[PDB]
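Here the structure comes first, spelled out in structure tokens, and everything after it is commentary.
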Amino acid sequence: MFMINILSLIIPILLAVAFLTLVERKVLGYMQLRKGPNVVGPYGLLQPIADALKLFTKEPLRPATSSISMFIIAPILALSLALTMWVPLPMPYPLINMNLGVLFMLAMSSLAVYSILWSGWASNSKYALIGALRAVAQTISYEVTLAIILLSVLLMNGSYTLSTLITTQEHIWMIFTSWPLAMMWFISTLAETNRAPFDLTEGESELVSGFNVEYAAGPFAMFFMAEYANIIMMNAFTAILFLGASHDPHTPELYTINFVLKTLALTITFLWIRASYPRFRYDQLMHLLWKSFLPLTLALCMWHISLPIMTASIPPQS
Amino acid sequence: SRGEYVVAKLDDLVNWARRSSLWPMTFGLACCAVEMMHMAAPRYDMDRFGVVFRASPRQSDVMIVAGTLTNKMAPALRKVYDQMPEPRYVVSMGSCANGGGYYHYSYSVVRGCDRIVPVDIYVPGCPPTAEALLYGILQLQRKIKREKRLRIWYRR
Amino acid sequence: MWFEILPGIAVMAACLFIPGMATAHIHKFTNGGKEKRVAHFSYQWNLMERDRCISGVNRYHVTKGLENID
Amino acid sequence: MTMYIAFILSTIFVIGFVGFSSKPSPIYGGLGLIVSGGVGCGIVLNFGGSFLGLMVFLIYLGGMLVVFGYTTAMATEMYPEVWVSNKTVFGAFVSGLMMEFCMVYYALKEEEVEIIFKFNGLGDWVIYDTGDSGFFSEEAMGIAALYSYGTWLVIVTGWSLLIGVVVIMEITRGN
Amino acid sequence: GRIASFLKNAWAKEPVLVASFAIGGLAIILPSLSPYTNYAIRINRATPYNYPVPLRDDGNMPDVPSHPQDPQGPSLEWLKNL
Amino acid sequence: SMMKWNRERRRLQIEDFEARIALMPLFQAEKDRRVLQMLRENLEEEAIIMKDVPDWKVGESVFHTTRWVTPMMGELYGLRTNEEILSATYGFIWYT
Amino acid sequence: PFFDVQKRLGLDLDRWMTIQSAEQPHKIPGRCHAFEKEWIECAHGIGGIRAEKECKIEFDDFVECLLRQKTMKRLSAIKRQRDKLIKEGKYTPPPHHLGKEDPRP
Amino acid sequence: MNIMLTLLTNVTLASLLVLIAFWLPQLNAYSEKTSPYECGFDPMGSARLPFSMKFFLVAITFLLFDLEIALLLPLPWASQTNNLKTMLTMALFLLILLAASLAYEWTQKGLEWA
Amino acid sequence: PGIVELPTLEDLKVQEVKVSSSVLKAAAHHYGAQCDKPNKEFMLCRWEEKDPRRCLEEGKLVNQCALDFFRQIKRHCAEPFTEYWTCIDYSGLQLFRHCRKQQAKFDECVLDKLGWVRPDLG
Amino acid sequence: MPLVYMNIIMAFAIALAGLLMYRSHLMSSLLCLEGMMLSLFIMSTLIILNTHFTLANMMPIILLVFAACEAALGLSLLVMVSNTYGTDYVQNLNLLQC
Ligand code: SF4
């Protein structure tokens, strides 16, 4: 029955990604004095399905200069890793309960970056190469600060087990304890998911399509699905880490509802930011993270190391 | 025949997917592009109909030739059309694109984009009003709705 | 108006809700109406193996209480 | 087949090494290094080293990122080489795979192979210990003793890293 | 006096660095002067990670208890009150 | 609030560790008896298995020392079924 | 040129990790603590030249605990004999080894 | 094994999607359609020529800082020791050395580009 | 070298405490309070001797004492203990926190019928 | 020794042979150095975990730290070589002879 559980996690997540596309289109339109898609289906509900069918019934083109093996492998890696990262999340009970789930998610996010770089390099197009290099710069900018913030926050948890975050935040949200780290973490999640104002890899205005400029039909659909799934998964991680939820062991549905609502709110915030702010220059993104976020993260990491000791609040290891 | 019914229904599904999700490429040559942007503007928002502007030719389904096509720009237009994956549809907007319009007798103007690329729907006007362009796009959607690829496959 | 956005959000919310509920109820079904035991350290896995031996059906969730004694 | 997950992963590790060692273009050698790092993580996790394995994967994932960027900048070539683009690279790849297959079958079939040391074909499960670690992760407790026991190692490593930043700055000054 | 000028210039021009340095300095200093750090050490010691091996009784160990719930031996009342 | 909650968590962890301490001696007795029984069964079946083989002492120690050495996984589960071997060797690692 | 500054100044810069039998966090024992302790105690103050032969039994026991080469060889021989007997048809694994009896808790 | 099964399932789903994308659609591949994309005109040189990295120093420093990320991750378990004084001193020593390295590179115009 | 002197199967046969982990954890504190003596004797034997064979009899005594403890529980406080260990079983981590009320019932019943007092923290 | 030790030592041998047999690029040989470091990490971790040498489970992490230090040094040298010659090719390190 574990296979049933894996399918239950996978299939609904992909449908959630599909309808997230509709939600984004409508939210941005309404924030722009427009109505998002409404013609296709009641209130635009069937637009995602039409988009998926159109993309998968569209000719996929293999670039003449492309390296076919990497060109094909990259979307597979992106989608599979995007689906994999959802596994360890406690909602409330995780599909795979790992002692070090947080480090697993960090490593898997690191692995997903190669999908963008491999896609851009294999495309053998100048714009794709520029997008891949931008992705490299983005990872260089954000990875260290992301890891340090996660370590600082998890010091109060006492472990890297995602499930134990629920117990730690039983009485209060961790955002109250670590609201600055929460802000830097939210921006870093925006950077990791390559979302505005850090949508540099794709950068339609500056790079025609970035790394996916040479991708069409199914592979592009896979890249889009990976992107949106990563958005949802990272926002869910933020909800678990900071905006904890009440869990009644006899009724998990309450925790599941609270968690889903918080993640929806965070994803809506993502779309809101994409609508509101302009895009950063990748030099500016790297400067922001290294010159502004990194020193504050180091100072706050020192603070969070000291605070449990000086306040006798060291969390239980188990 | 049951096979004919299955083919007809699958063709209906494919045509509905293709017409509902029509992604024009970000290609605007001349003044007609401005009316295209006004079509993208809130009043006649084309996103409601599923028409979303996508820059990359490989991620686009429709090319709208808005503006005069000079002899200098024609090879680039043909290249962009060729690099666009199929099914691909071309809409010619404005008199300049349709047949050369005001600059028909110029040395530097292609007297119609039909000479360079096949055109499916011609939207008259100079500039065509945004409502006219939306009407043309919906006409292209109906044309897609009338397509019978799978039925012809079964009958062939 | 803005309420028109809500239906897609509701569909997305239901899709997201399905995974956690499915995981919890599948764990309940597989583990005999009780939460799947968490073994983050070797001691708990040893307890689970001992329960597997005690049960007699090679299922750890089956719990033998005072009745088995004497 | 699940009785020998470790052996399969180690063979994949050796194949990745034969991939990045035949020296294709740095991109595909980086692919090999990434695959080998993942497989090594798998092996260490199978032996009980979850933190160590995940740390290797994370560090090599970041390291190969800078390698990929550097390649596209310095180690670049107009026609980058794959393991089937040159007789030398394919020769090295085939020789490495054959040498593995040779030792693999030799040790699996023969009870005790001895290439340079003596190796026993019995599955890795045999060596594992029967003790219990209780409410503890021995790897985690040992790795955490770097701050309580290994003050000297912390001093040396921190100084090495600061001097490494200085060294990179000086080596790249370029006068 | 000039130190105040430097601090004002820092807060105007580089607030993030001022905040970071202040937080780091507090992290360094405050734990030394905190009463509760010894409480943290005692809590970590009190945690019974490994079994309390009994010791053979030679008849000359008054302080060592002969059985839990006996008045002799360590007490954890401080942590309960904490 | 986090200080209060974490101190309570440490106290509850102490409670759980004390429960484990109370239960450990019985577990140690069970484990020793089980290991000895498995070793005896292995010894007897080996006596059956290699009676014919020349110059093979049965149950001979590979250590010079006449001291108890904790048996390795192979000794206890060497001749048991594959499912038992997989469980003993990789269960805690694989369990998730 | 091994200037024993650690011994001169009484500083345990690195000797804490030199051996597996030394103090470890939470008194977690090494897999060969007994053998290592016996070998160290045997070869203490007698010099390396003497210890290489007068404590060879201890060192061999330590190596056997570390690598299990002899134990693995014996187990492999037993398994080979059992498989050969099964092929011959003159041996049958007991039901408890086959899983027909509940193992002791 | 559960993690292996999940990874296999996800990879198989992705590969099946790729297969369906490359086999269900109809194709009319011709040279001009599969040529590289350069905004309509043809590319001048290759996309495999060297692409100067103006942030090389930051990348090497990123490697060196990811090492410190690795060294600092055990801290959650370190806080469980009895020698919290030495643990705190060494953790702050490592973090202050990382801060010093960042400050040195910054003041020496190392975090700047080109 | 020498033959390993493994004990016979009959000698290592003992009555077994066939109760699940949740049941043991529910009674863990009172079990340690009541059966401390034999358990401590077995532990001292195990740690001093360093041979599992040498301390078999003390382990048998440990098992017998645990059985007697559970028998007294069954005689006097069966139902409250059954509810208590049922409550602990549901939690995957078998946490004590969620079952405080049933634990209070069990402790009060045990204190009244048998006089046992739960050991305090530490 | 189990066969996994054989495979990991074989990986180290292969990486050493790769490093000692250059072809053109320097990046590939630096990758062979990093591969050797990975193989050493795996061997040390396996030994320390099988022998339950608790206070030695940190040695792999220090080995990785100094491996990354070495990698940084290698890349910082490769950048200068590329700047002075335009490529990372080893054949350009030919000014010093004998
Ligand atoms: S048709 Fe008229 S509006 Fe359109 S580009 Fe030509 S002149 Fe401008």
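Going through the structure tokens in order, the chains are called A, B, and so on, while each chain numbers its residues from 1 and the ligands are numbered from 1 in the order shown.
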Next on the checklist: Can you work out which residues from chain G touch chain E at a cut-off of 9 Å (counting only C-alpha atoms) and hand them back as an NGL selection string?
Outcome noted: :G and (26-28)
Next on the checklist: Within 6 Å of ligand 1 (counting only C-alpha atoms and all ligand atoms), which residues show up? I'd like them as a list in words.
Outcome noted: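 Those residues are residues 30, 31, 32, 67, 68, 94, 95, 96, 126 and 127 of chain B.
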Grab the residues selected above and save them as a PDB file, in the first residue's frame with N, CA, C and O atoms.
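Printed below is out.pdb as written:
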```pdb
ATOM      1  N   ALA B  30       5.369  46.885 -35.967  1.00  0.00           N
ATOM      2  CA  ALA B  30       5.019  48.271 -36.248  1.00  0.00           C
ATOM      3  C   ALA B  30       3.798  48.702 -35.450  1.00  0.00           C
ATOM      4  O   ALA B  30       3.442  48.063 -34.459  1.00  0.00           O
ATOM      5  N   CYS B  31       3.153  49.788 -35.880  1.00  0.00           N
ATOM      6  CA  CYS B  31       2.113  50.405 -35.065  1.00  0.00           C
ATOM      7  C   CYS B  31       1.051  49.396 -34.644  1.00  0.00           C
ATOM      8  O   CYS B  31       0.452  49.526 -33.572  1.00  0.00           O
ATOM      9  N   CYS B  32       0.789  48.386 -35.477  1.00  0.00           N
ATOM     10  CA  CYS B  32      -0.241  47.412 -35.128  1.00  0.00           C
ATOM     11  C   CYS B  32       0.081  46.691 -33.826  1.00  0.00           C
ATOM     12  O   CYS B  32      -0.824  46.166 -33.166  1.00  0.00           O
ATOM     13  N   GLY B  67       2.398  44.847 -38.141  1.00  0.00           N
ATOM     14  CA  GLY B  67       3.271  45.876 -38.662  1.00  0.00           C
ATOM     15  C   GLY B  67       3.841  45.505 -40.018  1.00  0.00           C
ATOM     16  O   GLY B  67       3.744  44.372 -40.486  1.00  0.00           O
ATOM     17  N   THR B  68       4.431  46.514 -40.652  1.00  0.00           N
ATOM     18  CA  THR B  68       5.008  46.334 -41.975  1.00  0.00           C
ATOM     19  C   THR B  68       6.203  45.396 -41.901  1.00  0.00           C
ATOM     20  O   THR B  68       7.019  45.475 -40.980  1.00  0.00           O
ATOM     21  N   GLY B  94      -3.327  44.120 -39.773  1.00  0.00           N
ATOM     22  CA  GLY B  94      -3.042  45.404 -40.394  1.00  0.00           C
ATOM     23  C   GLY B  94      -2.879  45.303 -41.896  1.00  0.00           C
ATOM     24  O   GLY B  94      -2.494  44.273 -42.447  1.00  0.00           O
ATOM     25  N   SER B  95      -3.166  46.416 -42.574  1.00  0.00           N
ATOM     26  CA  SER B  95      -3.005  46.460 -44.021  1.00  0.00           C
ATOM     27  C   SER B  95      -1.556  46.239 -44.435  1.00  0.00           C
ATOM     28  O   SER B  95      -1.298  45.593 -45.457  1.00  0.00           O
ATOM     29  N   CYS B  96      -0.598  46.754 -43.659  1.00  0.00           N
ATOM     30  CA  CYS B  96       0.807  46.605 -44.027  1.00  0.00           C
ATOM     31  C   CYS B  96       1.200  45.138 -44.076  1.00  0.00           C
ATOM     32  O   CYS B  96       1.881  44.691 -45.006  1.00  0.00           O
ATOM     33  N   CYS B 126      -6.002  49.570 -40.299  1.00  0.00           N
ATOM     34  CA  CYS B 126      -4.709  50.237 -40.230  1.00  0.00           C
ATOM     35  C   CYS B 126      -4.768  51.415 -39.264  1.00  0.00           C
ATOM     36  O   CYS B 126      -5.005  52.557 -39.673  1.00  0.00           O
ATOM     37  N   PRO B 127      -4.564  51.180 -37.974  1.00  0.00           N
ATOM     38  CA  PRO B 127      -4.364  49.890 -37.315  1.00  0.00           C
ATOM     39  C   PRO B 127      -5.684  49.189 -37.055  1.00  0.00           C
ATOM     40  O   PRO B 127      -6.696  49.843 -36.824  1.00  0.00           O
TER      41      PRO B 127
END
```
Please, which residues in chain C fall within 7 Å of chain D when counting only C-alpha atoms, and what is the closest atom pair and distance in Å to one decimal for each, ordered by chain then residue number, as CSV?
```
residue,atom,partner,partner_atom,distance
C:41,CA,D:135,CA,5.4
C:42,CA,D:134,CA,5.4
C:43,CA,D:134,CA,4.5
```
Checklist entry - What residues in chain A have any atom no more than 8 Å from chain D when counting only C-alpha atoms, and can you write them as JSON, numbers by chain? => result {"A": [100, 103, 104, 106, 107, 110, 111, 114, 133, 136, 318]}
Hey, can you spit out that residue selection with N, CA, C and O atoms as a compact mmCIF listing (two decimals), in the first residue's frame?
```
# COMPACT_ATOMS: atom_id res chain seq x y z
N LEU A 100 17.26 13.05 9.25
CA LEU A 100 17.95 14.22 8.71
C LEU A 100 17.22 14.73 7.46
O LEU A 100 17.83 15.01 6.43
N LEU A 103 18.45 18.17 5.82
CA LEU A 103 19.64 18.07 4.99
C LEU A 103 19.33 17.36 3.68
O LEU A 103 19.90 17.68 2.64
N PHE A 104 18.43 16.38 3.72
CA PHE A 104 18.00 15.72 2.50
C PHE A 104 17.37 16.72 1.54
O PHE A 104 17.68 16.73 0.34
N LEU A 106 17.84 19.96 1.47
CA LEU A 106 18.87 20.87 1.00
C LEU A 106 19.69 20.24 -0.12
O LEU A 106 19.93 20.87 -1.16
N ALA A 107 20.11 18.99 0.06
CA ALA A 107 20.88 18.30 -0.97
C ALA A 107 20.07 18.13 -2.25
O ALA A 107 20.59 18.30 -3.35
N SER A 110 19.93 21.30 -4.06
CA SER A 110 21.21 21.50 -4.74
C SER A 110 21.27 20.69 -6.03
O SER A 110 21.76 21.18 -7.05
N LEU A 111 20.76 19.46 -6.00
CA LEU A 111 20.81 18.61 -7.19
C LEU A 111 19.94 19.18 -8.31
O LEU A 111 20.31 19.10 -9.48
N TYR A 114 21.33 21.50 -11.18
CA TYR A 114 22.01 20.96 -12.35
C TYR A 114 21.06 20.75 -13.51
O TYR A 114 21.49 20.75 -14.67
N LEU A 133 24.51 30.16 -16.66
CA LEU A 133 25.48 30.87 -15.84
C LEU A 133 24.79 31.72 -14.78
O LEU A 133 25.27 31.84 -13.65
N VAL A 136 23.94 29.44 -12.02
CA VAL A 136 25.14 29.18 -11.22
C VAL A 136 25.38 30.31 -10.24
O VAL A 136 25.61 30.09 -9.04
N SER A 318 16.08 14.03 21.26
CA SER A 318 15.08 13.07 20.78
C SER A 318 13.73 13.74 20.56
O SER A 318 12.91 13.81 21.48
```
Considering only C-alpha atoms, return as an mmCIF file with N, CA and C atoms, in the first residue's frame whatever protein or nucleic-acid residues lie within 10 Å of residue 33 in chain I, sequence-local ones (same chain, fewer than 2 positions apart) excluded.
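Saved file out-v5.cif follows:
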```cif
data_model
loop_
_atom_site.group_PDB
_atom_site.id
_atom_site.type_symbol
_atom_site.label_atom_id
_atom_site.label_comp_id
_atom_site.auth_asym_id
_atom_site.auth_seq_id
_atom_site.Cartn_x
_atom_site.Cartn_y
_atom_site.Cartn_z
ATOM 1 N N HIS E 67 19.057 1.931 46.322
ATOM 2 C CA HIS E 67 17.856 1.742 45.524
ATOM 3 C C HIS E 67 17.245 3.096 45.187
ATOM 4 N N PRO E 68 16.730 3.284 43.972
ATOM 5 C CA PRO E 68 16.043 4.539 43.652
ATOM 6 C C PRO E 68 14.890 4.783 44.612
ATOM 7 N N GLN E 69 14.519 6.054 44.742
ATOM 8 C CA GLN E 69 13.551 6.529 45.723
ATOM 9 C C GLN E 69 14.139 6.593 47.124
ATOM 10 N N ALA F 22 14.626 1.744 33.068
ATOM 11 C CA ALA F 22 13.912 0.734 33.837
ATOM 12 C C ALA F 22 13.722 -0.536 33.024
ATOM 13 N N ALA I 28 6.628 1.129 33.095
ATOM 14 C CA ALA I 28 8.084 1.146 33.197
ATOM 15 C C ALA I 28 8.554 1.711 34.531
ATOM 16 N N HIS I 29 7.978 2.834 34.963
ATOM 17 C CA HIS I 29 8.456 3.484 36.179
ATOM 18 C C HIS I 29 8.204 2.618 37.405
ATOM 19 N N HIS I 30 6.975 2.128 37.558
ATOM 20 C CA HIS I 30 6.673 1.268 38.694
ATOM 21 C C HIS I 30 7.470 -0.024 38.622
ATOM 22 N N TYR I 31 7.716 -0.521 37.411
ATOM 23 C CA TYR I 31 8.522 -1.725 37.258
ATOM 24 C C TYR I 31 9.946 -1.507 37.753
ATOM 25 N N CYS I 35 11.065 -3.717 40.904
ATOM 26 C CA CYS I 35 11.971 -4.800 40.550
ATOM 27 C C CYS I 35 13.423 -4.350 40.474
ATOM 28 N N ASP I 36 13.767 -3.252 41.147
ATOM 29 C CA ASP I 36 15.112 -2.694 41.039
ATOM 30 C C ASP I 36 16.178 -3.711 41.432
ATOM 31 N N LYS I 37 15.992 -4.377 42.574
ATOM 32 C CA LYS I 37 17.013 -5.232 43.168
ATOM 33 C C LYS I 37 17.505 -6.287 42.185
ATOM 34 N N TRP I 116 2.157 1.080 45.573
ATOM 35 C CA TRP I 116 3.301 1.529 44.794
ATOM 36 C C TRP I 116 3.248 3.037 44.584
ATOM 37 N N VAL I 117 4.413 3.675 44.654
ATOM 38 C CA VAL I 117 4.551 5.107 44.427
ATOM 39 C C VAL I 117 5.468 5.307 43.230
ATOM 40 N N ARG I 118 5.023 6.115 42.275
ATOM 41 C CA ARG I 118 5.800 6.317 41.067
ATOM 42 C C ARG I 118 7.101 7.048 41.395
ATOM 43 N N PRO I 119 8.235 6.567 40.897
ATOM 44 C CA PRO I 119 9.491 7.289 41.113
ATOM 45 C C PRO I 119 9.435 8.666 40.468
#
```
Each chain I residue no farther than 10 Å from chain A, nearest pair in Å, only C-alpha atoms, as JSON lines:
```
{"residue": "I:90", "atom": "CA", "partner": "A:249", "partner_atom": "CA", "distance": 8.5}
{"residue": "I:91", "atom": "CA", "partner": "A:249", "partner_atom": "CA", "distance": 7.4}
{"residue": "I:92", "atom": "CA", "partner": "A:249", "partner_atom": "CA", "distance": 9.5}
{"residue": "I:98", "atom": "CA", "partner": "A:249", "partner_atom": "CA", "distance": 9.0}
```
Checklist entry - Got a sec: who's within 12 Å of residue 92 in chain G, counting only C-alpha atoms, leaving out chain neighbours fewer than 3 positions off, as a ChimeraX atom specification? => result /F:45-46,48-49,79 /G:82-89,95-98
Requested write-out: N, CA and C atoms of the selected residues, as a PDB file, in the first residue's frame:
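Output (out.pdb):
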```
ATOM      1  N   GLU F  45      23.610 -27.266  13.902  1.00  0.00           N
ATOM      2  CA  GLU F  45      23.398 -27.490  12.478  1.00  0.00           C
ATOM      3  C   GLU F  45      24.725 -27.588  11.737  1.00  0.00           C
ATOM      4  N   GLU F  46      25.721 -26.804  12.158  1.00  0.00           N
ATOM      5  CA  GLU F  46      27.055 -26.913  11.582  1.00  0.00           C
ATOM      6  C   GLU F  46      27.664 -28.279  11.865  1.00  0.00           C
ATOM      7  N   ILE F  48      26.052 -30.964  12.112  1.00  0.00           N
ATOM      8  CA  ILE F  48      25.443 -31.786  11.070  1.00  0.00           C
ATOM      9  C   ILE F  48      26.083 -31.495   9.716  1.00  0.00           C
ATOM     10  N   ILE F  49      26.286 -30.214   9.399  1.00  0.00           N
ATOM     11  CA  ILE F  49      26.668 -29.841   8.040  1.00  0.00           C
ATOM     12  C   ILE F  49      28.067 -30.343   7.701  1.00  0.00           C
ATOM     13  N   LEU F  79      23.124 -18.625   8.637  1.00  0.00           N
ATOM     14  CA  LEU F  79      22.365 -19.715   8.044  1.00  0.00           C
ATOM     15  C   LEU F  79      20.862 -19.517   8.156  1.00  0.00           C
TER      16      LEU F  79
ATOM     17  N   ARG G  82      27.253 -26.121   3.503  1.00  0.00           N
ATOM     18  CA  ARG G  82      25.801 -26.248   3.576  1.00  0.00           C
ATOM     19  C   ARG G  82      25.183 -26.278   2.185  1.00  0.00           C
ATOM     20  N   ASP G  83      25.651 -25.409   1.288  1.00  0.00           N
ATOM     21  CA  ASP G  83      25.129 -25.395  -0.073  1.00  0.00           C
ATOM     22  C   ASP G  83      25.454 -26.691  -0.803  1.00  0.00           C
ATOM     23  N   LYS G  84      26.669 -27.212  -0.621  1.00  0.00           N
ATOM     24  CA  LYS G  84      27.025 -28.472  -1.261  1.00  0.00           C
ATOM     25  C   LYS G  84      26.162 -29.614  -0.739  1.00  0.00           C
ATOM     26  N   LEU G  85      25.910 -29.643   0.572  1.00  0.00           N
ATOM     27  CA  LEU G  85      25.032 -30.667   1.129  1.00  0.00           C
ATOM     28  C   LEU G  85      23.616 -30.534   0.586  1.00  0.00           C
ATOM     29  N   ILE G  86      23.118 -29.301   0.472  1.00  0.00           N
ATOM     30  CA  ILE G  86      21.781 -29.092  -0.075  1.00  0.00           C
ATOM     31  C   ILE G  86      21.714 -29.594  -1.509  1.00  0.00           C
ATOM     32  N   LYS G  87      22.744 -29.299  -2.304  1.00  0.00           N
ATOM     33  CA  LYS G  87      22.803 -29.828  -3.662  1.00  0.00           C
ATOM     34  C   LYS G  87      22.798 -31.350  -3.654  1.00  0.00           C
ATOM     35  N   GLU G  88      23.583 -31.956  -2.761  1.00  0.00           N
ATOM     36  CA  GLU G  88      23.586 -33.407  -2.629  1.00  0.00           C
ATOM     37  C   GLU G  88      22.260 -33.938  -2.105  1.00  0.00           C
ATOM     38  N   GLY G  89      21.468 -33.100  -1.442  1.00  0.00           N
ATOM     39  CA  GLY G  89      20.204 -33.534  -0.889  1.00  0.00           C
ATOM     40  C   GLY G  89      20.290 -34.226   0.450  1.00  0.00           C
ATOM     41  N   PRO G  95      13.452 -26.048  10.792  1.00  0.00           N
ATOM     42  CA  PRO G  95      12.316 -25.133  10.585  1.00  0.00           C
ATOM     43  C   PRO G  95      12.527 -23.759  11.195  1.00  0.00           C
ATOM     44  N   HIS G  96      13.189 -23.676  12.351  1.00  0.00           N
ATOM     45  CA  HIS G  96      13.424 -22.370  12.960  1.00  0.00           C
ATOM     46  C   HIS G  96      14.330 -21.509  12.088  1.00  0.00           C
ATOM     47  N   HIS G  97      15.356 -22.111  11.481  1.00  0.00           N
ATOM     48  CA  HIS G  97      16.180 -21.366  10.536  1.00  0.00           C
ATOM     49  C   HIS G  97      15.401 -21.003   9.281  1.00  0.00           C
ATOM     50  N   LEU G  98      14.442 -21.839   8.883  1.00  0.00           N
ATOM     51  CA  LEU G  98      13.603 -21.546   7.729  1.00  0.00           C
ATOM     52  C   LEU G  98      12.476 -20.575   8.047  1.00  0.00           C
TER      53      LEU G  98
END
```
Next on the checklist: Show me, as a PyMOL selection string, the residues that have an atom within 9 Å of range 145-161 of chain D when counting only C-alpha atoms, minus same-chain residues fewer than 4 positions from it.
Outcome noted: (chain D and resi 140-141+165-166) or (chain G and resi 13-14+16-17+24-25) or (chain H and resi 64-65+67-68+71+74-75+78+81-91+93-94+97-98+101) or (chain J and resi 54-55+58+62+65-66+69)
Checklist entry - Which neighbours of residue 60 in chain I fall inside 12 Å, counting only C-alpha atoms, when residues of the same chain fewer than 6 positions from it are skipped, and could you give them as JSON, numbers by chain? => result {"F": [25, 26, 27, 28, 29, 30, 32, 33], "I": [11, 12, 13, 14, 15, 16, 17, 38, 39, 41, 42, 53, 54, 66, 67]}
Item to check | Length of the CA of residue 51 in chain G to CA of residue 35 in chain G vector [Å] | outcome: 14.8 Å
